[PDB]
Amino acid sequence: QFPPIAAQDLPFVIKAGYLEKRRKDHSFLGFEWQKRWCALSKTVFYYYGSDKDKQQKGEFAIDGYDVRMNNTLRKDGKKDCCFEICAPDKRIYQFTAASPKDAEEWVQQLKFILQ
């Protein structure tokens, strides 16, 4: 979780790439979907503006969370790229990747670690 680290300074990145991350709530001029540089650092999921920011917009431990494809999070044709990191008591994080294969790789990689 908390200490401000730089994207390029993160330890053991298991996977990283751009994703669109869904906004928390509803009044969002232009967009509910925002391009973020995301990285899995060990068991913490970090997300940034760009792959060279010196500070995360936020982060979260993946402890207790499950992860699945969810093709309801959009109405457009990009729905096939959508996945989420979710749990009954936790903040749900939702994303769209670049292609179904990429969403599946992210989910596959987050899962191989949820073991």
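We number the residues from 1 along the sequence you see.
- Averaged over Cα atoms, the B-factor as recorded in the entry is higher for 28 to 36 than for the other of 63 to 71 and 28 to 36.
- Averaged over Cα atoms, the B-factor as recorded in the entry is higher for 19 to 27 than for the other of 19 to 27 and 90 to 98.
- Per the PDB record, residue ranking by Cα B-factor puts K57 in the middle third of the chain.
- Residue-level temperature factors show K42 in the highest third of its chain, judged at the C-alpha atom.
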